[PDB]
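One letter stands for each residue in the lines below.
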Amino acid sequence: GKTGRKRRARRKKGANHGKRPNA
Amino acid sequence: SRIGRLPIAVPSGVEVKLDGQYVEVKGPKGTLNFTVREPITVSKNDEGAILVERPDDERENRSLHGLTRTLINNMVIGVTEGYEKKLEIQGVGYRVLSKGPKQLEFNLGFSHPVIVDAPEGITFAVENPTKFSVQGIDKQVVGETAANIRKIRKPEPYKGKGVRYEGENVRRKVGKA
Amino acid sequence: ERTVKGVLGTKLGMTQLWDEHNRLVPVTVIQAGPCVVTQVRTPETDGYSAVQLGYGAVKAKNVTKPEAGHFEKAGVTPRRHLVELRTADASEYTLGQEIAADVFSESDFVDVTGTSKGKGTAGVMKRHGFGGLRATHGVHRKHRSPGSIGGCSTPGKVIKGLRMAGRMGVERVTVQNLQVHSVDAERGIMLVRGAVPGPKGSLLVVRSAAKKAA
Amino acid sequence: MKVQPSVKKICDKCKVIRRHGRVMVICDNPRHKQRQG
Amino acid sequence: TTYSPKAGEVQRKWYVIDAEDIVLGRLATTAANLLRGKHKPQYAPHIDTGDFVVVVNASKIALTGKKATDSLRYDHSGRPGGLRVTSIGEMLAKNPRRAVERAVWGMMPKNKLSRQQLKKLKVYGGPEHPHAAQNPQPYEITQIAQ
RNA sequence: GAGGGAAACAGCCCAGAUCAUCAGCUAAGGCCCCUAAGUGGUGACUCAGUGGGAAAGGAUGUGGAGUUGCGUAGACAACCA
RNA sequence: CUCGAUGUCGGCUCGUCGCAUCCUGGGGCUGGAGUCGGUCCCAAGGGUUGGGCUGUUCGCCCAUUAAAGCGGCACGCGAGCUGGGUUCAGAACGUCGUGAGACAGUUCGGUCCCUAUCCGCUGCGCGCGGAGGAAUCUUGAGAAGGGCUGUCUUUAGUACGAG
RNA sequence: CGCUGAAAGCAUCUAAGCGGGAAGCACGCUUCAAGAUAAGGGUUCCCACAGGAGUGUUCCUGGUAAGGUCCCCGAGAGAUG
Ligand SMILES: CON(C)Cc1ccc(O)c2c1C[C@H]1C[C@H]3[C@H](N(C)C)C(O)=C(C(N)=O)C(=O)[C@@]3(O)C(O)=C1C2=O
Ligand SMILES: [Mg+2]
Ligand SMILES: [Mg+2]
Ligand SMILES: [Mg+2]
Ligand SMILES: [Mg+2]
Ligand SMILES: [Mg+2]
Ligand SMILES: [Mg+2]
Ligand SMILES: [Mg+2]
Ligand SMILES: [Mg+2]
Ligand SMILES: [Mg+2]
Ligand SMILES: [Mg+2]
Ligand SMILES: [Mg+2]
Ligand SMILES: [Mg+2]
Ligand SMILES: [Mg+2]
Ligand SMILES: [Mg+2]
Ligand SMILES: [Mg+2]
Ligand SMILES: [Mg+2]
Ligand SMILES: [Mg+2]
Ligand SMILES: [Mg+2]
Ligand SMILES: [Mg+2]
Ligand SMILES: [Mg+2]
Ligand SMILES: [Mg+2]
Ligand SMILES: [Mg+2]
Ligand SMILES: [Mg+2]
Ligand SMILES: [Mg+2]
Ligand SMILES: [Mg+2]
Ligand SMILES: [Mg+2]
Ligand SMILES: [Mg+2]
Ligand SMILES: [Mg+2]
Ligand SMILES: [Mg+2]
Ligand SMILES: [Mg+2]
Ligand SMILES: [Mg+2]
Ligand SMILES: [Mg+2]
Ligand SMILES: [Mg+2]
Ligand SMILES: [Mg+2]
């Protein structure tokens, strides 16, 4: 799903270091 | 640009004014004008010829080099000799006639005859009810006018009927074998 | 940008005629009375080309000082109404010029503009042609209801422009391509084949047909 | 014209070009016309 | 106590920028800075200390790449199917003032004061402006080294 | 488990709030404007708004580094037998 | 996530959106004589019927039509309607159980409330402002509506085709 | 679907450029519209009142002009406005 894909891809932001709650 | 690096020979009676980026070409047949793209320059090469120079050996330099060389050569060869295109019509009932050098009338199997006007630099010349021609001083304008005349009724792949170029290799097949 | 001829009139009513093919034609009778050019609008001073026409019989005690001064500058007697005509030939019009119904011939197509008859607050079934509910089969106090007016939690709202009940009538309506049947200028009567908006006695603007004809 | 993600030369006369950002195959035979999409 | 301007204490000036061949982004950033008065040592977010900006030749604003036909601007009337879209090239040709105001407003904070200050931006697509009485001084977009 | 960062965003990153301060230095993250600080310096690459989502597969996109065949015994195209 | 209640099928009404286009518009290739088609590119402006059967969705059928598109919106829409189906207590049949009873088996019957506070939306006013107070006529930034299509005649029995 | 045309001595609808090309896009047609506080424009009318405080006059009271409303008779209008 689009929402799931965006949620998973949000972990690629700079301040996060490849990790994010709920992937 | 192998084409571009070759020079352009100005012929007799042809006036070539290189006013920086903007260029005038006078000749017996008329007048043409053109602006070269900025990273390309033009020189006279002892006033008897024309040279175009690419300032760098990149892609756009070479591409515009060849383009400008060919297009300037086209305008000079046009003003010294002109441009001619022969169009021939096949298929019964198809005819072309002239209401002047710049006015054509086509009966291409339509409901009614169709009228074709010419631009100022375009003049028609018909010699046969099934063959005619167009002449001018601009190669692009002559080509597009011939293309429009063909688009009026493009050749078919069954009986060739339609306005075709003189050397056009029209494809053909057979339906009701 | 378009050149339009125009005149102002009053809806007197309707009757019927028979044309030369013996066809019954409904005709509206418009007292296309004398109109006077009260003001001409030019791009230099106003920014667009139009002609302001007067028309109307007014009592001298019902015309105020600003209106009286406007008409005095126009050089004409005061008129009740003032309506503009957006024409591209406004210049050809001189201040105080006389305009009569004979500006239209016996077969010109015209567009007639007027304010429609009012109906008050109308229901959906009348002002929008809503099909209501059935009269029987358990319909519960909703025989003329509008039905649903939206979706659900998405969008949890009523979309803008939904057709619901409201006040209908009294609005600018233009009916186009009406063929003028006859013009009698010596009494200012115009017979126009068709039905035009508005009650009897309303003001009507008769202009040349924008779409020329059918 | 065939619109396919995979466009290839079919005959020896077909030519692969890049026109307006799209890969195209132009040939004298009209059957071989192709465009990526 | 840190200094704070008092209403009309800071005197607001009039600048004019010739948008001739100037990138829309640089023009908008410069206009926003001038309108908010960020170049003044008397700056204060809560009091309008900026200057009036008159932009001329907005129809000749430079755009890079294929922006003139691929950079789109959208408006919605608030009703279904109420979207209109037009390219920035068309908008610069037709209503350049709208384009410049949209850019500057987007670059300016989202405030009541910012709404008030955006009225100080007078954008004209041609080379002439009607504010000779206000006597705008020419402003040149420059950079400070290092 | 407040504070800073992640647009917002218990679980990610920085960092553990004794109170006051209209002082200074930093962390993560940042320095065109929103938004504090560089429209920083120098050298390359990109022209797809890629950057600012995705596969098998496909493509004379473009820069760079090889290996190798042929070539003024005259190469590859274009043009006459 | 909601069990100190987020009412669950189909129709009615009212729409709106996507395009993975049913018709109408345009174009390529055709294994495109003509006439027609079949492919798949564009394209969502408008249009996309009435009935028989069944609670039905679905589906089949009748008669048309340019066509009778596919989907989203809490399988749109019950503080809008419908209660035929579903899922209460009655009863019967079949099956199961020693029995009380059970059955996404079937059958007949069977209560469904709300005066709109807020947002939303359709309309209509009052106020104040528009750097004097007024009267009239206006420009249009911007917004909305509208956008369907057939048959016949003629070109012409012309083009095409062996007919 | 094209014209001219290189990069790539040719070719190529394309890299420079130009032309055609749909009920779609924007207009054309109709309607609303300056609360468009950016509060527009034209034309016309009325006019430098009076009395106080005053602190550049400021501002607050009072009678008017042009004009308008209330009230009354109504409808082509309307739930009431
Ligand atoms: C066919 O399925 N539909 C959806 C259900 C339904 C349909 C129509 C009805 O008419 C009723 C019901 C449910 C039942 C529920 C009963 C229950 N009781 C029997 C234990 C109860 O708990 C109460 C109560 N006072 O709480 C009631 O109201 C009640 O007795 C009653 O009357 C009902 C009804 O009316
Ligand atoms: Mg999936
Ligand atoms: Mg009914
Ligand atoms: Mg009843
Ligand atoms: Mg909500
Ligand atoms: Mg802890
Ligand atoms: Mg924390
Ligand atoms: Mg945070
Ligand atoms: Mg935060
Ligand atoms: Mg520091
Ligand atoms: Mg750091
Ligand atoms: Mg913020
Ligand atoms: Mg720099
Ligand atoms: Mg930099
Ligand atoms: Mg892309
Ligand atoms: Mg992207
Ligand atoms: Mg990829
Ligand atoms: Mg509760
Ligand atoms: Mg599509
Ligand atoms: Mg539709
Ligand atoms: Mg659309
Ligand atoms: Mg079924
Ligand atoms: Mg639907
Ligand atoms: Mg549902
Ligand atoms: Mg509901
Ligand atoms: Mg029941
Ligand atoms: Mg039920
Ligand atoms: Mg029995
Ligand atoms: Mg038993
Ligand atoms: Mg039952
Ligand atoms: Mg109610
Ligand atoms: Mg408008
Ligand atoms: Mg608005
Ligand atoms: Mg070619
Ligand atoms: Mg070609």
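Counting starts from 1 on each chain and goes along its sequence as written, which need not follow the entry numbering; residues with no coordinates are hidden. A letter from A marks each chain and a number from 1 marks each ligand, given out in the order of writing. Only a portion of a larger assembly is shown here, and every reported value applies to that portion alone. To get the side-chain values, all heavy atoms of the structure are used, and hydrogens and water are removed first. Residues with missing side-chain atoms are left out of burial classes, side-chain pairs and their counts.

- As recorded in the entry header, the structure was determined using cryo-EM to a resolution of 2.78 Å.

- Going by what the PDB entry lists, chain E is known as 50S ribosomal protein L13 and is assigned to Cutibacterium acnes.
- The title assigned to this entry in its PDB record is "Cutibacterium acnes 70S ribosome with mRNA, P-site tRNA and Sarecycline bound".
- The Sequence similarities (unreviewed entry) field of the UniProt record for chain E holds the comment "Belongs to the universal ribosomal protein uL13 family."
- Under the Function (unreviewed entry) heading, UniProt states for chain E: "This protein is one of the early assembly proteins of the 50S ribosomal subunit, although it is not seen to bind rRNA by itself. It is important during the early stages of 50S assembly." UniProt positions are given in the numbering used here, feature names are shortened, and annotations may be inferred rather than shown by experiment.

- Turning to chain D, the UniProt record has this under Sequence similarities (unreviewed entry): "Belongs to the bacterial ribosomal protein bL36 family."

A look at the overall build of chain D
Line of reasoning, step 1. For chain D, the count of helices and strands is 0 helices and 4 strands.
Line of reasoning, step 2. Elements are defined by DSSP. Helices are runs of H or I of four residues or more, strands are runs of E of two residues or more, and each kind is numbered from the N terminus. Ordering the α and β elements of chain D from the N terminus gives β-β-β-β.
Line of reasoning, step 3. With respect to the three principal axes, the spread of C-alpha positions in chain D is 25 × 15 × 15 Å.
Line of reasoning, step 4. Under the scheme applied here, a residue whose accessible area is under 20% of the maximum for its type counts as buried, over 50% as exposed, and between as partly exposed, the area being computed with a 1.4 Å probe on protein chains only. Residues counted as buried form 22% of the 37 residues belonging to chain D.
Line of reasoning, step 5. For this analysis, residues touch if any pair of their heavy atoms sits within 4.5 Å. Considering only contacts in chain D between residues 6 or more positions apart, those separated by 24 or more positions represent 36%.
Line of reasoning, step 6. Areas reported as accessible are Shrake-Rupley estimates using a 1.4 Å probe. Residue values count occlusion only from the protein chains shown. If you sum the accessible surface of chain D, you get close to 3,100 Å²; carbon and sulfur atoms cover 46% of it.

Quick look at the overall build of chain E
Line of reasoning, step 1. Across its full length, chain E holds 5 helices and 6 strands.
Line of reasoning, step 2. The helix and strand sequence of chain E, counted from the amino end, reads β-α-β-α-β-β-α-α-α-β-β.
Line of reasoning, step 3. If one aligns the C-alpha atoms of chain E with their principal axes, the spans along those axes are about 55 × 40 × 35 Å.
Line of reasoning, step 4. Nonlocal contacts in chain E, meaning residues at least 24 apart in sequence, comprise 66% of its contacts between residues at least 6 apart.

Observations regarding a positive patch on the surface
Residue and element names in this part refer to chain A.
Line of reasoning, step 1. Patch membership requires more than 30% relative accessible area and the absence of a salt bridge. Residues of like charge join within 9 Å; the nonpolar side chains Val, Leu, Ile, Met, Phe, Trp and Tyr join within 5 Å. Salt bridge criterion: a side-chain nitrogen from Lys or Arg within 4 Å of a carboxyl oxygen from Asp or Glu. For the charge count, each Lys or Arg is scored as positive and each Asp or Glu as negative, with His and the chain ends excluded. To locate a charge, take atom NZ for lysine, CZ for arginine, CG for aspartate or CD for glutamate. Positive charge collects at one region of the surface, where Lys2, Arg5, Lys6, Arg7, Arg8, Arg10, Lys13 and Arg20 lie side by side.
Line of reasoning, step 2. One can find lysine 6 in helix 1 (residues 2-9).
Line of reasoning, step 3. Residue class for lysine 6 comes out partly exposed when judged on its relative accessible area of 49%.

So, the protein's contact with RNA strand H
Line of reasoning, step 1. Being near a molecule or strand, for a residue, means having at least one of its heavy atoms within 4 Å of it. In the vicinity of RNA strand H lie 50 residues, with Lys151 of chain B, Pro66 and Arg167 of chain C together with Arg19 and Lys33 of chain D positioned nearest.
Line of reasoning, step 2. Backbone atoms, meaning sugar and phosphate, make up 75% of the atoms of RNA strand H lying within 4 Å of the protein.
Line of reasoning, step 3. Think of a polar contact as two N or O atoms within 3.5 Å of one another; within protein, one of them needs to be a possible hydrogen donor and the other a possible acceptor, and neighboring residues in sequence only count if both atoms come from side chains. Note that a sugar or linking oxygen of RNA strand H is positioned 3.0 Å from one of the backbone N or O atoms of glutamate 144 of chain B.
Line of reasoning, step 4. In the environment of RNA strand H, a phosphate oxygen lies 2.6 Å from a nitrogen or oxygen atom belonging to the side chain of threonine 121 of chain C.
Line of reasoning, step 5. Looking at which element gives the most residues to the surface near RNA strand H, the answer is helix 2 (residues 59-81) of chain B, with 7 residues.
Line of reasoning, step 6. Residues are grouped as follows: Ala, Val, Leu, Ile, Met, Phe, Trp, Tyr, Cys and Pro are nonpolar; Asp, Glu, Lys and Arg are charged; all remaining types, including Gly, are polar. A class-by-class count of the residues in the surface near RNA strand H yields 9 nonpolar, 20 polar and 21 charged.

Comments concerning unusual backbone geometry
Line of reasoning, step 1. Phi at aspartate 46 of chain B is positive, roughly 70 degrees, even though this residue is not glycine.
Line of reasoning, step 2. Relative to the helices and strands, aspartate 46 of chain B resides in the loop between strand 5 (41-43) and strand 6 (49-53).
Line of reasoning, step 3. Within the chain, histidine 20 of chain D stands out as a residue other than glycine whose phi angle is a positive 55 degrees.
Line of reasoning, step 4. Within the element layout of this structure, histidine 20 of chain D appears in the loop between strand 2 (15-19) and strand 3 (22-26).

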